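Visitor: Just work28.cif, nothing more (mmCIF, C-alpha atoms):
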```
data_start
loop_
_atom_site.group_PDB
_atom_site.id
_atom_site.type_symbol
_atom_site.label_atom_id
_atom_site.label_comp_id
_atom_site.auth_asym_id
_atom_site.auth_seq_id
_atom_site.Cartn_x
_atom_site.Cartn_y
_atom_site.Cartn_z
ATOM 1 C CA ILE A 1 0.269 2.301 -52.830
ATOM 2 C CA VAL A 2 1.319 5.918 -52.312
ATOM 3 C CA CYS A 3 3.816 8.291 -50.537
ATOM 4 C CA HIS A 4 3.539 11.443 -48.326
ATOM 5 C CA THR A 5 4.115 14.994 -49.650
ATOM 6 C CA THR A 6 5.028 18.401 -48.392
ATOM 7 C CA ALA A 7 5.125 21.302 -50.915
ATOM 8 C CA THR A 8 2.213 23.709 -51.769
ATOM 9 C CA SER A 9 -0.181 21.278 -49.969
ATOM 10 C CA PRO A 10 -0.978 21.847 -46.232
ATOM 11 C CA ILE A 11 -0.079 18.195 -46.417
ATOM 12 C CA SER A 12 -0.960 15.580 -49.133
ATOM 13 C CA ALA A 13 -0.252 11.960 -50.211
ATOM 14 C CA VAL A 14 1.020 10.839 -53.667
ATOM 15 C CA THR A 15 3.882 8.812 -55.188
ATOM 16 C CA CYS A 16 5.148 8.712 -58.795
ATOM 17 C CA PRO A 17 4.428 5.831 -61.295
ATOM 18 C CA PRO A 18 6.199 2.419 -60.838
ATOM 19 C CA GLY A 19 9.886 3.430 -61.024
ATOM 20 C CA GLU A 20 10.162 5.248 -57.695
ATOM 21 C CA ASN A 21 10.019 2.787 -54.716
ATOM 22 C CA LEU A 22 10.312 4.938 -51.509
ATOM 23 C CA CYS A 23 9.916 8.503 -50.115
ATOM 24 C CA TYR A 24 12.509 11.318 -49.398
ATOM 25 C CA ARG A 25 13.299 14.565 -47.342
ATOM 26 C CA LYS A 26 14.397 17.714 -49.383
ATOM 27 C CA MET A 27 15.740 20.085 -46.662
ATOM 28 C CA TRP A 28 15.897 23.785 -47.722
ATOM 29 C CA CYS A 29 13.963 27.045 -46.904
ATOM 30 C CA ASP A 30 10.915 29.083 -48.033
ATOM 31 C CA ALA A 31 11.204 32.276 -50.154
ATOM 32 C CA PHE A 32 9.924 33.810 -46.850
ATOM 33 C CA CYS A 33 12.685 31.721 -45.053
ATOM 34 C CA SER A 34 10.795 31.986 -41.707
ATOM 35 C CA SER A 35 12.206 31.492 -38.122
ATOM 36 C CA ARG A 36 11.519 27.660 -38.238
ATOM 37 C CA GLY A 37 15.075 26.592 -39.315
ATOM 38 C CA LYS A 38 14.494 24.206 -42.289
ATOM 39 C CA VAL A 39 11.640 23.630 -44.750
ATOM 40 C CA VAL A 40 11.291 19.943 -45.785
ATOM 41 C CA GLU A 41 9.512 19.065 -49.095
ATOM 42 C CA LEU A 42 8.677 15.310 -48.858
ATOM 43 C CA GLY A 43 7.758 13.116 -51.909
ATOM 44 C CA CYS A 44 8.478 10.111 -54.256
ATOM 45 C CA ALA A 45 12.005 8.595 -54.768
ATOM 46 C CA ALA A 46 13.918 5.706 -56.458
ATOM 47 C CA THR A 47 17.317 6.645 -54.855
ATOM 48 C CA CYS A 48 18.226 9.172 -52.071
ATOM 49 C CA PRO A 49 18.705 12.517 -54.036
ATOM 50 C CA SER A 50 21.274 14.105 -51.579
ATOM 51 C CA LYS A 51 23.584 17.003 -52.554
ATOM 52 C CA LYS A 52 26.426 18.638 -50.505
ATOM 53 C CA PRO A 53 26.424 22.533 -50.614
ATOM 54 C CA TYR A 54 22.793 22.727 -49.254
ATOM 55 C CA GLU A 55 20.395 19.827 -50.115
ATOM 56 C CA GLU A 56 20.188 17.088 -47.502
ATOM 57 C CA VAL A 57 17.881 14.517 -49.201
ATOM 58 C CA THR A 58 17.647 11.446 -46.911
ATOM 59 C CA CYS A 59 14.928 8.761 -47.140
ATOM 60 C CA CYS A 60 12.633 6.325 -45.426
ATOM 61 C CA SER A 61 12.444 2.759 -46.848
ATOM 62 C CA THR A 62 8.991 1.637 -45.499
ATOM 63 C CA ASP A 63 5.385 2.935 -45.303
ATOM 64 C CA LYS A 64 4.408 6.327 -43.628
ATOM 65 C CA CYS A 65 7.943 6.777 -41.995
ATOM 66 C CA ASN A 66 9.028 9.535 -44.491
ATOM 67 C CA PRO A 67 9.021 12.737 -42.292
ATOM 68 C CA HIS A 68 11.152 14.782 -39.777
ATOM 69 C CA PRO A 69 10.528 16.578 -36.381
ATOM 70 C CA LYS A 70 7.386 18.868 -36.730
ATOM 71 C CA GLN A 71 4.316 17.911 -34.590
ATOM 72 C CA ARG A 72 5.310 19.498 -31.239
ATOM 73 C CA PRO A 73 4.049 22.683 -29.456
ATOM 74 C CA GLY A 74 7.029 24.921 -30.409
ATOM 75 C CA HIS B 1 1.659 28.122 -43.610
ATOM 76 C CA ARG B 2 4.496 25.675 -44.148
ATOM 77 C CA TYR B 3 5.872 22.269 -43.242
ATOM 78 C CA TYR B 4 9.148 23.325 -41.674
ATOM 79 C CA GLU B 5 11.026 21.247 -39.126
ATOM 80 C CA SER B 6 9.308 22.812 -36.137
ATOM 81 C CA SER B 7 5.650 22.394 -37.019
ATOM 82 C CA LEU B 8 3.224 20.896 -39.507
ATOM 83 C CA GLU B 9 0.260 23.202 -39.028
ATOM 84 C CA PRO B 10 -0.013 26.411 -41.064
ATOM 85 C CA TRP B 11 -0.392 28.158 -37.727
ATOM 86 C CA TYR B 12 2.684 26.929 -35.898
ATOM 87 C CA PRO B 13 4.944 26.439 -38.924
ATOM 88 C CA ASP B 14 4.022 29.788 -40.427
#
```
Spell out the structure here as structure tokens.
Guide:
Amino acid sequence: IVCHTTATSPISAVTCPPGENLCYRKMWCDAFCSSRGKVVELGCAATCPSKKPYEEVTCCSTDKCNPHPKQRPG
Amino acid sequence: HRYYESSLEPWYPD
């Protein structure tokens, strides 16, 4: 098994040891906070880590379906 | 170089 990532990778694929069960979407920004709206740092989850004052952290519950909008000429 | 919500490539994202 495994999950997707986004972080310091261009992209990569890992999940955490058997405890986590799904993959998540940490919405925030870069330290550069570039003109692309929201950075999303995908990875391993057991529950959906969402906050309220900034961190949207939604999920996907099945294989590969983790990500957001990205792969478009924009 | 980033995985924002507008691109995935380190050319379009940043």
Visitor: Show me, as a PyMOL selection string, the residues of chain B whose atoms get within 6 Å of chain A, using all atoms listed in the file for the distance check.
Guide: chain B and resi 4-8
Visitor: Running the PyMOL selection byres ((chain A and resi 57-61) around 9) on this model by hand, what would come out? Give it as a list in words.
Guide: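 Selection result, ordered by chain and number: residues 21, 22, 23, 24, 25, 26, 27, 45, 47, 48, 49, 50, 51, 55, 56, 62, 63, 64, 65, 66 and 67 of chain A.
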Visitor: In Å, how far is it from CA of residue 43 in chain A to CA of residue 3 in chain B?
Guide: 12.7 Å
Visitor: Evaluate the PyMOL selection byres ((chain B and resi 14) around 7) here and jot the selected residues down as a PyMOL selection string.
Guide: chain B and resi 1-2+10-13
Visitor: Residues as selected, C-alpha atoms, written as a PDB file, in the coordinates of the input, can you do that?
Guide:
```pdb
ATOM      1  CA  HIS B   1       1.659  28.122 -43.610  1.00  0.00           C
ATOM      2  CA  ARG B   2       4.496  25.675 -44.148  1.00  0.00           C
ATOM      3  CA  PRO B  10      -0.013  26.411 -41.064  1.00  0.00           C
ATOM      4  CA  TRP B  11      -0.392  28.158 -37.727  1.00  0.00           C
ATOM      5  CA  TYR B  12       2.684  26.929 -35.898  1.00  0.00           C
ATOM      6  CA  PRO B  13       4.944  26.439 -38.924  1.00  0.00           C
TER       7      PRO B  13
END
```
Visitor: What separation in Å, quoted to one decimal, exists between CA of residue 46 in chain A and CA of residue 9 in chain B?
Guide: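 Result for CA of residue 46 in chain A versus CA of residue 9 in chain B: 28.2 Å, one decimal.
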Visitor: Is it possible to get the axis-aligned box enclosing range 33-42 of chain A (all listed atoms, 8 Å extra per side) as AutoDock Vina command-line options, with centre and edge lengths in Å rounded to one decimal?
Guide:
```
--center_x 11.9 --center_y 23.6 --center_z -43.6 --size_x 22.4 --size_y 32.7 --size_z 27.0
```
